[PDB]
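query.txt (compact mmCIF, C-alpha atoms and all ligand atoms)
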```
# COMPACT_ATOMS: atom_id res chain seq x y z
CA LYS A 123 0.00 0.00 0.00
CA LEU A 124 3.09 2.20 -0.44
CA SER A 125 5.21 2.13 2.70
CA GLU A 126 6.77 5.28 4.13
CA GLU A 127 9.98 4.27 2.41
CA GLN A 128 8.34 3.99 -1.00
CA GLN A 129 6.76 7.43 -0.63
CA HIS A 130 10.17 8.62 0.55
CA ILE A 131 11.84 7.17 -2.56
CA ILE A 132 9.36 8.98 -4.83
CA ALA A 133 9.75 12.34 -3.07
CA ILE A 134 13.53 11.97 -3.41
CA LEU A 135 13.32 11.23 -7.15
CA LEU A 136 10.85 14.04 -7.80
CA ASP A 137 13.18 16.56 -6.14
CA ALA A 138 16.23 15.13 -7.94
CA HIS A 139 14.43 15.67 -11.24
CA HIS A 140 13.33 19.18 -10.31
CA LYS A 141 16.96 20.05 -9.53
CA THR A 142 18.20 18.63 -12.86
CA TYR A 143 15.47 19.57 -15.34
CA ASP A 144 14.95 23.28 -15.97
CA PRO A 145 11.70 23.76 -17.96
CA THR A 146 12.65 27.39 -18.65
CA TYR A 147 15.50 26.07 -20.80
CA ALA A 148 17.49 29.24 -20.06
CA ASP A 149 20.87 27.45 -20.22
CA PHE A 150 20.37 26.66 -23.92
CA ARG A 151 21.72 30.14 -24.61
CA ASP A 152 25.19 28.89 -23.63
CA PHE A 153 25.21 26.27 -26.40
CA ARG A 154 26.78 26.84 -29.81
CA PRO A 155 24.08 28.42 -32.04
CA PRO A 156 21.73 26.08 -33.90
CA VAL A 157 22.13 26.38 -37.68
CA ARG A 158 19.28 25.29 -39.94
CA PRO A 219 25.70 19.56 -43.91
CA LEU A 220 25.54 18.60 -40.23
CA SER A 221 24.80 22.23 -39.42
CA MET A 222 22.90 21.17 -36.28
CA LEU A 223 25.60 18.92 -34.83
CA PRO A 224 27.45 21.62 -32.86
CA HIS A 225 24.24 22.77 -31.19
CA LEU A 226 22.80 19.30 -30.50
CA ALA A 227 26.20 18.04 -29.32
CA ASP A 228 26.20 20.81 -26.71
CA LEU A 229 22.57 20.05 -25.87
CA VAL A 230 23.50 16.40 -25.30
CA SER A 231 26.63 17.25 -23.29
CA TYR A 232 24.57 19.49 -20.98
CA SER A 233 22.00 16.70 -20.72
CA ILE A 234 24.64 14.11 -19.80
CA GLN A 235 25.61 16.42 -16.93
CA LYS A 236 22.01 16.61 -15.72
CA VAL A 237 21.40 12.87 -15.98
CA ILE A 238 24.54 12.27 -13.89
CA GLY A 239 23.24 14.63 -11.21
CA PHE A 240 19.90 12.85 -11.27
CA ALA A 241 21.56 9.44 -10.99
CA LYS A 242 23.63 10.35 -7.93
CA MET A 243 20.40 11.10 -6.09
CA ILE A 244 18.86 7.68 -6.84
CA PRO A 245 18.50 5.99 -3.43
CA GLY A 246 21.16 3.28 -3.31
CA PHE A 247 23.04 4.38 -6.42
CA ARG A 248 25.74 5.77 -4.15
CA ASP A 249 26.38 2.30 -2.69
CA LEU A 250 27.68 0.91 -5.99
CA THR A 251 31.36 0.78 -6.92
CA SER A 252 32.87 3.72 -8.76
CA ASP A 253 33.27 1.28 -11.66
CA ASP A 254 29.63 0.15 -11.55
CA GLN A 255 28.36 3.74 -11.35
CA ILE A 256 30.47 4.55 -14.41
CA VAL A 257 29.26 1.51 -16.35
CA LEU A 258 25.59 2.28 -15.70
CA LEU A 259 25.82 5.92 -16.73
CA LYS A 260 27.79 5.28 -19.93
CA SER A 261 25.28 2.66 -21.07
CA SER A 262 22.05 4.39 -20.03
CA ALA A 263 22.99 8.03 -20.69
CA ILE A 264 21.58 8.18 -24.21
CA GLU A 265 18.47 6.29 -23.05
CA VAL A 266 17.74 8.61 -20.12
CA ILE A 267 18.24 11.66 -22.37
CA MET A 268 15.71 10.26 -24.85
CA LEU A 269 13.41 9.52 -21.93
CA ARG A 270 13.69 12.89 -20.15
CA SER A 271 13.33 14.66 -23.50
CA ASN A 272 9.69 13.47 -23.62
CA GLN A 273 8.96 16.44 -21.33
CA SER A 274 9.79 18.94 -24.11
CA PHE A 275 8.41 16.74 -26.90
CA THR A 276 5.03 17.85 -28.22
CA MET A 277 2.61 15.79 -30.32
CA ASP A 278 1.25 19.09 -31.67
CA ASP A 279 3.87 18.82 -34.42
CA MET A 280 6.07 15.91 -33.33
CA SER A 281 8.98 18.09 -32.22
CA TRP A 282 11.03 18.83 -29.10
CA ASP A 283 9.91 22.32 -28.08
CA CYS A 284 12.31 23.92 -25.62
CA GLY A 285 10.82 27.37 -25.04
CA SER A 286 11.41 29.03 -28.41
CA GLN A 287 11.64 28.61 -32.18
CA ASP A 288 15.44 28.50 -32.11
CA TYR A 289 15.18 25.74 -29.52
CA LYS A 290 12.42 23.74 -31.19
CA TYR A 291 13.90 20.60 -32.73
CA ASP A 292 12.25 18.50 -35.43
CA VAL A 293 13.12 15.53 -37.67
CA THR A 294 15.07 17.66 -40.15
CA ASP A 295 17.21 19.13 -37.38
CA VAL A 296 18.14 15.67 -36.11
CA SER A 297 18.82 14.75 -39.72
CA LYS A 298 21.14 17.79 -39.83
CA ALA A 299 23.01 16.24 -36.90
CA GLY A 300 24.03 13.28 -39.05
CA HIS A 301 21.28 10.78 -38.27
CA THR A 302 19.03 8.77 -40.59
CA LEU A 303 15.39 7.69 -40.50
CA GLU A 304 16.38 4.30 -39.10
CA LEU A 305 16.88 6.07 -35.76
CA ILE A 306 14.66 9.13 -36.09
CA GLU A 307 11.43 7.33 -36.99
CA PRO A 308 11.50 4.84 -34.12
CA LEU A 309 12.62 7.73 -31.88
CA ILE A 310 9.58 9.83 -32.70
CA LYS A 311 7.36 6.75 -32.43
CA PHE A 312 8.86 6.16 -28.97
CA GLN A 313 8.22 9.77 -27.92
CA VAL A 314 4.71 9.38 -29.29
CA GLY A 315 4.11 6.13 -27.42
CA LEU A 316 5.54 7.47 -24.17
CA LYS A 317 3.35 10.55 -24.41
CA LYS A 318 0.34 8.24 -24.97
CA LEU A 319 0.90 6.75 -21.52
CA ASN A 320 0.27 10.14 -19.90
CA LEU A 321 2.56 9.12 -17.03
CA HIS A 322 2.34 10.92 -13.70
CA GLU A 323 5.56 12.84 -13.03
CA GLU A 324 6.07 10.30 -10.22
CA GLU A 325 6.05 7.47 -12.77
CA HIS A 326 8.32 9.42 -15.13
CA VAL A 327 11.10 9.86 -12.57
CA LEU A 328 10.81 6.26 -11.36
CA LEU A 329 11.21 5.01 -14.94
CA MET A 330 14.37 7.05 -15.48
CA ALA A 331 15.81 5.76 -12.20
CA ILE A 332 14.90 2.17 -13.14
CA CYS A 333 16.50 2.65 -16.56
CA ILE A 334 19.76 3.83 -14.97
CA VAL A 335 20.13 0.99 -12.46
CA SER A 336 19.77 -1.97 -14.85
CA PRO A 337 21.58 -5.25 -13.90
CA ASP A 338 22.11 -6.51 -17.45
CA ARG A 339 24.20 -3.53 -18.54
CA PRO A 340 27.41 -4.63 -20.34
CA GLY A 341 30.43 -4.51 -18.06
CA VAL A 342 28.42 -4.56 -14.84
CA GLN A 343 30.27 -6.01 -11.85
CA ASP A 344 28.11 -6.34 -8.76
CA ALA A 345 25.00 -7.25 -10.76
CA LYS A 346 23.40 -8.59 -7.55
CA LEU A 347 23.55 -5.22 -5.83
CA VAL A 348 22.38 -3.37 -8.94
CA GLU A 349 19.40 -5.72 -9.26
CA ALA A 350 18.53 -5.28 -5.59
CA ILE A 351 18.49 -1.49 -5.94
CA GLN A 352 16.39 -1.60 -9.12
CA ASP A 353 13.96 -4.11 -7.58
CA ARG A 354 13.27 -1.63 -4.77
CA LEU A 355 12.52 0.99 -7.43
CA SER A 356 10.38 -1.42 -9.48
CA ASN A 357 8.33 -2.50 -6.48
CA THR A 358 7.90 1.21 -5.70
CA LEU A 359 6.58 1.88 -9.19
CA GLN A 360 4.32 -1.18 -9.35
CA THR A 361 2.76 -0.25 -6.02
CA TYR A 362 2.39 3.43 -6.97
CA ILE A 363 0.43 2.58 -10.09
CA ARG A 364 -1.91 0.27 -8.20
CA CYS A 365 -2.49 2.76 -5.37
CA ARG A 366 -2.27 6.12 -7.16
CA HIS A 367 -3.00 5.57 -10.84
CA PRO A 368 -6.78 5.33 -11.43
CA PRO A 369 -8.20 3.08 -14.15
CA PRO A 370 -8.45 3.01 -17.13
CA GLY A 371 -5.06 4.73 -17.40
CA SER A 372 -3.45 2.17 -15.08
CA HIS A 373 -4.40 -0.83 -17.21
CA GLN A 374 -1.20 -2.77 -17.94
CA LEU A 375 0.66 0.44 -17.15
CA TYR A 376 3.67 -1.29 -15.58
CA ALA A 377 4.21 -3.71 -18.49
CA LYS A 378 3.80 -0.83 -20.92
CA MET A 379 6.53 1.16 -19.14
CA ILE A 380 8.91 -1.81 -19.07
CA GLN A 381 8.24 -2.20 -22.78
CA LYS A 382 9.47 1.38 -23.17
CA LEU A 383 12.72 0.28 -21.53
CA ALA A 384 12.97 -2.45 -24.17
CA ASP A 385 12.35 0.16 -26.90
CA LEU A 386 15.19 2.22 -25.40
CA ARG A 387 17.68 -0.68 -25.65
CA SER A 388 16.85 -0.84 -29.35
CA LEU A 389 17.13 2.93 -29.72
CA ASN A 390 20.41 2.85 -27.78
CA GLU A 391 21.64 0.17 -30.18
CA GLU A 392 20.80 2.10 -33.33
CA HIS A 393 22.06 5.41 -31.94
CA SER A 394 25.41 3.82 -31.08
CA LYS A 395 25.83 2.58 -34.67
CA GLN A 396 25.10 5.94 -36.24
CA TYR A 397 27.25 7.63 -33.59
CA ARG A 398 30.25 5.39 -34.25
CA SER A 399 29.89 6.00 -37.99
CA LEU A 400 29.45 9.73 -37.41
CA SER A 401 32.24 9.95 -34.82
CA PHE A 402 34.56 7.82 -36.96
CA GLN A 403 35.37 10.82 -39.14
CA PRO A 404 37.67 13.24 -37.22
CA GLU A 405 35.96 16.34 -38.63
CA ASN A 406 32.66 15.30 -37.00
CA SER A 407 34.26 14.02 -33.80
CA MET A 408 35.87 17.45 -33.74
CA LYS A 409 32.45 19.12 -33.36
CA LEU A 410 31.43 17.13 -30.27
CA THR A 411 32.35 17.88 -26.67
CA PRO A 412 34.96 16.31 -24.38
CA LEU A 413 32.23 14.90 -22.10
CA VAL A 414 30.28 13.47 -25.03
CA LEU A 415 33.40 11.72 -26.35
CA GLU A 416 34.27 10.32 -22.93
CA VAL A 417 30.78 9.03 -22.16
CA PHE A 418 29.64 7.87 -25.62
CA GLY A 419 33.06 6.41 -26.32
CA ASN A 420 36.07 7.77 -28.19
CA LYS B 625 38.01 2.57 -16.39
CA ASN B 626 39.58 5.98 -17.10
CA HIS B 627 36.56 8.28 -17.37
CA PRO B 628 38.00 11.41 -15.66
CA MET B 629 35.18 13.85 -16.33
CA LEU B 630 32.44 11.32 -15.64
CA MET B 631 34.17 10.24 -12.44
CA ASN B 632 34.64 13.84 -11.29
CA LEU B 633 30.96 14.58 -11.85
CA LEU B 634 30.09 11.51 -9.77
CA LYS B 635 32.36 12.27 -6.82
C1 LIG A 701 25.47 14.46 -29.79
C2 LIG A 701 24.90 13.09 -30.19
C3 LIG A 701 23.80 13.05 -31.30
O1 LIG A 701 23.38 11.71 -31.54
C4 LIG A 701 24.35 13.64 -32.64
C5 LIG A 701 25.47 12.86 -33.34
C6 LIG A 701 22.60 13.95 -30.97
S1 LIG A 701 21.06 13.78 -31.94
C7 LIG A 701 20.11 12.40 -31.14
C8 LIG A 701 19.15 11.70 -32.12
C9 LIG A 701 19.30 12.92 -29.90
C10 LIG A 701 19.12 12.22 -28.75
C11 LIG A 701 18.26 13.02 -27.75
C12 LIG A 701 17.46 13.81 -28.79
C13 LIG A 701 16.68 15.11 -28.35
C14 LIG A 701 16.77 15.66 -27.08
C15 LIG A 701 16.26 16.78 -26.43
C16 LIG A 701 16.38 17.33 -25.17
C17 LIG A 701 17.27 16.72 -24.08
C18 LIG A 701 16.76 16.98 -22.65
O2 LIG A 701 17.78 16.52 -21.77
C19 LIG A 701 16.48 18.50 -22.43
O3 LIG A 701 16.13 18.87 -21.06
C20 LIG A 701 16.76 20.12 -20.69
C21 LIG A 701 16.49 20.17 -19.18
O4 LIG A 701 17.49 19.48 -18.43
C22 LIG A 701 15.29 18.90 -23.39
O5 LIG A 701 14.14 18.12 -23.11
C23 LIG A 701 15.60 18.64 -24.90
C24 LIG A 701 15.87 15.69 -29.52
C25 LIG A 701 16.79 15.98 -30.74
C26 LIG A 701 17.79 14.82 -31.06
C27 LIG A 701 18.56 14.29 -29.80
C28 LIG A 701 19.63 15.35 -29.31
```

Have the structure of the file written as structure tokens, please.
Amino acid sequence: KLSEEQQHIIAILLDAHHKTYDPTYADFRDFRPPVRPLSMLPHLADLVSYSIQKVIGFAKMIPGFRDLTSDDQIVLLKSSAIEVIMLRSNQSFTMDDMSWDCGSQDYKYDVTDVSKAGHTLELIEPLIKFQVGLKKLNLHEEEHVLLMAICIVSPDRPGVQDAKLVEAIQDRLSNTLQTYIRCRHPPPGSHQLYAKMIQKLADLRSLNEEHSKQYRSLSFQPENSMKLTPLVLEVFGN
Amino acid sequence: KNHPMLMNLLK
């Protein structure tokens, strides 16, 4: 029925998100200007770098995350980073015109802008479909932050060491989510809600997979890799 | 395994 601890976990994650997601998008002004070949890469690279920083800050506040080894923490962030960014970006995504609207026209990204970052439809289409499907769930902010935390602490991540501990931490987050839906999400919106959210995590592994291929191809050419940031290169691989 | 910036942000 949602113990005090489970409510505690949610309150912690909500605050962690509030401290790492600025809906005013004021910081975007510090990024290299968006330009509409690969004219949007400098801007989106900066956007992503900033986002990596915010996802890291969010992750450190995940109850239990701090108990993992420095190595495990590193492994989880490198593997989930792109996934959590895609996930958190749903907050700026708008089905009005299938674009990521971050406060203004300059900061409103659509399919062509992503295309101008070096990506193809093989990633973009399923990415928009994902955003569309996630939006369709109309998740409570509570469910949104729990999903990002669950995504981060995944036991099957490649290179994971203490998988047992990682699984234990995630399980506590999963049980928190499952119970929240049952007790706080009214039907019909709660119908199969948990399974649907886990399915989104499966979609993200696929998206992660495709993004990594296009990123390696894109970052294989020095001139492109030259337009990224130091953090992006370190986290997404060099 | 040698992720300076990422490690610093996690400390
Ligand atoms: C730099 C790596 C790239 O792959 C380019 C080679 C970037 S393009 C790639 C398809 C991508 C992944 C996340 C996607 C998007 C993300 C958008 C946001 C990130 C999120 O963290 C932001 O929150 C700011 C508040 O913290 C805001 O919602 C906008 C939409 C455009 C395309 C983006 C950048």

message = Show me which residues line ligand LIG 701 (chain A), defined as having an atom within 8 Å of a ligand atom where all atoms listed in the file count, and present them as a ChimeraX atom specification.
response = /A:142-145,147,223,226-234,236-237,264,267-268,270-275,281-284,291-293,295-296,299-301,305-306,309,393,396-397,400-401,410,414

Residues of chain A within 8 Å of chain B, only C-alpha atoms counted, as a VMD selection string = chain A and resid 235 238 to 239 242 252 to 253 256 413 416 to 417

Name the residues in contact with residue 330 (chain A) at a cut-off of 9 Å, using all atoms listed in the file, excluding same-chain residues fewer than 6 positions from it; report them as a PDB file with C-alpha atoms, keeping the file's coordinate frame.
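Written file, around_16.pdb:
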```pdb
ATOM      1  CA  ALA A 241      21.560   9.440 -10.990  1.00  0.00           C
ATOM      2  CA  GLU A 265      18.470   6.290 -23.050  1.00  0.00           C
ATOM      3  CA  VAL A 266      17.740   8.610 -20.120  1.00  0.00           C
ATOM      4  CA  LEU A 269      13.410   9.520 -21.930  1.00  0.00           C
ATOM      5  CA  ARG A 270      13.690  12.890 -20.150  1.00  0.00           C
TER       6      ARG A 270
END
```

ask   = Could you pull the residues within 12 Å of residue 366 (chain A), counting only C-alpha atoms, minus those fewer than 6 positions along the same chain, as a ChimeraX atom specification?
value = /A:123-124,129,321-325,358-360,372,375

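Every protein, DNA or RNA residue with an atom at most 9 Å from residue 135 (chain A), where only C-alpha atoms count and chain neighbours fewer than 3 positions away do not, is listed here: residues 130, 131, 132, 138, 139, 140, 240, 243, 244, 245, 324, 327, 328 and 331 of chain A.
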
task = Work out how far apart CA of residue 418 (chain A) and CA of residue 390 (chain A) are and give it in Å to one decimal.
result =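 Separation between CA of residue 418 (chain A) and CA of residue 390 (chain A): 10.7 Å.
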
key: Nearby residues (all atoms listed in the file) at most 9 Å from residue 338 (chain A), same-chain spacing under 4 positions excluded, as JSON, numbers by chain   = {"A": [342, 345, 349]}

Include C-alpha atoms and write out the residues we just selected as a compact mmCIF listing (two decimals), in the frame of the given file.
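Saved file result37.txt follows:
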```txt
# COMPACT_ATOMS: atom_id res chain seq x y z
CA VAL A 342 28.42 -4.56 -14.84
CA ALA A 345 25.00 -7.25 -10.76
CA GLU A 349 19.40 -5.72 -9.26
```

ask   = Expressed in Å to a single decimal, how great is the separation between CA of residue 287 (chain A) and CA of residue 156 (chain A)?
value =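 According to the coordinates, CA of residue 287 (chain A) and CA of residue 156 (chain A) are separated by 10.5 Å.
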
Dump as a short mmCIF file (atom, residue, chain, number, x, y, z; two decimals) with C-alpha atoms, keeping the file's coordinate frame all residues having an atom at most 12 Å from (16.1, -1.5, -4.7), computed in the file's coordinates with only C-alpha atoms.
```
data_model
loop_
_atom_site.label_atom_id
_atom_site.label_comp_id
_atom_site.auth_asym_id
_atom_site.auth_seq_id
_atom_site.Cartn_x
_atom_site.Cartn_y
_atom_site.Cartn_z
CA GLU A 127 9.98 4.27 2.41
CA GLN A 128 8.34 3.99 -1.00
CA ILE A 131 11.84 7.17 -2.56
CA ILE A 244 18.86 7.68 -6.84
CA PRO A 245 18.50 5.99 -3.43
CA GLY A 246 21.16 3.28 -3.31
CA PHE A 247 23.04 4.38 -6.42
CA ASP A 249 26.38 2.30 -2.69
CA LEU A 250 27.68 0.91 -5.99
CA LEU A 328 10.81 6.26 -11.36
CA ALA A 331 15.81 5.76 -12.20
CA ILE A 332 14.90 2.17 -13.14
CA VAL A 335 20.13 0.99 -12.46
CA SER A 336 19.77 -1.97 -14.85
CA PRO A 337 21.58 -5.25 -13.90
CA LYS A 346 23.40 -8.59 -7.55
CA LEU A 347 23.55 -5.22 -5.83
CA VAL A 348 22.38 -3.37 -8.94
CA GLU A 349 19.40 -5.72 -9.26
CA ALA A 350 18.53 -5.28 -5.59
CA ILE A 351 18.49 -1.49 -5.94
CA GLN A 352 16.39 -1.60 -9.12
CA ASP A 353 13.96 -4.11 -7.58
CA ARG A 354 13.27 -1.63 -4.77
CA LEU A 355 12.52 0.99 -7.43
CA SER A 356 10.38 -1.42 -9.48
CA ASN A 357 8.33 -2.50 -6.48
CA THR A 358 7.90 1.21 -5.70
CA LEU A 359 6.58 1.88 -9.19
#
```

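Taking CA of residue 219 (chain A) and CA of residue 285 (chain A) as the two end points, the separation is 25.3 Å.
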